[PDB]
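Have a look at the structure below before the remarks.
Backbone-built Cβ (ideal geometry, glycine too); neighbour counts: all protein chains shown. No value in this document is a laboratory result; all are computed from the given coordinates.
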Amino acid sequence: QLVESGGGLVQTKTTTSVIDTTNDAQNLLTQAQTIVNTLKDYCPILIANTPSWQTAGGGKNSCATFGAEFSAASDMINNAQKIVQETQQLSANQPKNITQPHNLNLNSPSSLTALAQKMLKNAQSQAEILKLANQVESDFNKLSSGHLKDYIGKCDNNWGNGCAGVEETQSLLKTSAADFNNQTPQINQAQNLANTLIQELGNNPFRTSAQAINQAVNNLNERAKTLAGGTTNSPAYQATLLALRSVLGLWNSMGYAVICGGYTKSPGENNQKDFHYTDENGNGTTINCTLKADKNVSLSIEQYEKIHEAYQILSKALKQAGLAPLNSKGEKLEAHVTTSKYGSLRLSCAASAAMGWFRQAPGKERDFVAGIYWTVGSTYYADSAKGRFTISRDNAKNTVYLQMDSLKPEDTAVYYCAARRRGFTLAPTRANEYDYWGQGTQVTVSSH
Ligand SMILES: [Cl-]
């Protein structure tokens with residue numbers, strides 16, 4: 001009479017990527033950038049004890065609530081990227097010392113002008129690195145003052161809280177930046193000395209001892225060494241680390257609340273993907289990804305994939321390898337990126353006025369799932385099925401189908417196809433309104 005097919009255990013795919021990367025600043029800054037740029041450029045809507053910003057901006061797109069936070073985070077990464085580039089400048093301009101000032105075979109006017117030029121490039125780079133480092137601190141205050149005041153610095157499910165060590169590095173940055181601002185006259189005294197040399201040793205178309213200059217070269221070189229290769233004492237390293245810890249903190253504080261999974265290919269698509277997050281201590285969470293993915297509405301699964309991958313690299317790098325000194329090549333890092341997804345199912349039912357699908361769980365009653373009208377092909381769905389399941393019928397084959405998308409373990413039950421030959425006013429949704437029943441087909445959903 002009614003014979004079901006298409007049941008069974010739904011396919012589960014668990015995919016793990018092993019990313020062999022490095023802890024060098026430029027690589028980490030690119031990961032931080034992926035996270036902040038996708039957020040400030042595509043503004044996804046925020047999901048409607050919960051935080052202060054969530055009540056205010058729930059259903060109200062990000063960028064309206066976190067526009068200042070995203071701008072602060074973006075500026076921190078851009079300025080840290082400039083710090084990394086200036087530390088490259090700084091490493092390329094290391095002035096050498098004067099050996100035997102009395103001898104002028106080697107201590108030539110061309111050599112001293114070349115010495116003064118480097119002192120000039122080196123001093124100017126130091127000034128720019130420090131300027132940028134103070135601006136990252138300024139941009140951090142802008143980030144830590146708004147909605148995320150109570151959250152970004154705090155940590156104790158860890159979602160909603162910073163958990164990035166942003167407070168510890170702000171303090172080390174303030175102390176490092178202070179010491180470097182104390183040594184400003186000494187880098188001024190080397191800068192004017194270099195400007196007097198380029199001038200004096202220069203051509204005159206109209207016709208400050210060696211130790212003192214060696215003092216200036218030694219001071220510049222020692223300061224530059226700590227600025228480029230230092231950690232605890234470098235405001236360059238602390239500013240770049242604060243930028244990295246702030247983006248990680250930004251994602252931990254509000255990333256869970258971002259709407260993801262908007263349709264790219266076509267509306268109502270089995271794209272649903274679970275993104276796995278692991279905290280230290282092994283506390284694992286998973287974020288799941290019906291509307292079009294577009295700016296100010298949603299994030300496509302590809303967009304979330306790229307944030308999730310950047311986050312895993314950034315997290316592992318910051319948590320377990322640390323940031324490598326700005327002038328060092330950087331050590332290897334192995335990051336793990338895990339995602340999972342369930343397959344779809346298509347129940348079929350061959351018969352030989354209305355046809356429906358029912359589900360019954362162990363010990364629980366027969367619940368209506370979906371129904372279809374025999375001539376018109378009008379369909380009705382139970383609230384559980386609505387949007388996920390689709391009922392259809394092949395008039396010719398006298399078959400009814402149930403496309404099952406967006407499956408979750410809760411859907412595990414025996415699925416029955418049912419038929420009513422007699423007429424009706426109100427669409428039949430109760431089991432007593434159906435006269436013919438199929439054998440039943442077990443459908444099993446479970447996480448790996
Ligand atoms: Cl009836």
Separation in nanometres of the label points that stand 7 Å from Cα toward Cβ, at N182 and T390: 7.0 nm
What is the packing order of peptides 138-150, 95-107, 12-24, taking the mean over residues of other C-beta atoms within 10 Å and listing the highest first? 138-150, 12-24, 95-107
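So which of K13/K295; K174/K316; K265/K292; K60/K386; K40/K408 end up more than 20 Å apart, counting from Cα to Cα? Let's see the in-between values first.
Values: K13/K295 29 Å; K174/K316 26 Å; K265/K292 9 Å; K60/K386 25 Å; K40/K408 32 Å.
Over 20 Å Cα-Cα: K13/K295; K174/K316; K60/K386; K40/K408.
What number comes out for the charge environment of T399, summing +1 per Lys or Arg and -1 per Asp or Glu over other residues with Cβ under 15 Å away?
Values: positive: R346, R393, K397; negative: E4, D394.
Net of charged neighbours comes to +1.
At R0 = 45 Å, how high is the FRET efficiency between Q11 and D435 if r is their beta carbon distance? Nearest 0.05 is fine. Provide the component values of the computation, followed by the final result.
Details: r = 34 Å, r/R0 = 0.76.
It comes to 0.85.
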In whole Hz, the Karplus estimates of ³J(HN,Hα) for region 400-407 (6.51, -1.76, 1.60; θ = phi - 60°; x where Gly or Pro) are 10, 10, 9, 7, 10, 10, 6, 6
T175 versus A361: modelled label distance in nm, points set 7 Å from Cα along the beta carbon direction: 5.6 nm
Which three extents, in angstrom, do the Cα atoms of region 24-330 have along their principal axes, listed largest first? 83, 39, 31
Taking the Cα centroid of region 2-74 and of region 186-209, what is the distance between the two, rounded to the nearest whole Å? 55 Å
Which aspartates and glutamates have a Cα lying under 14 Å from the Cα of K332, excluding residues fewer than 8 positions away in the same chain? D20, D24
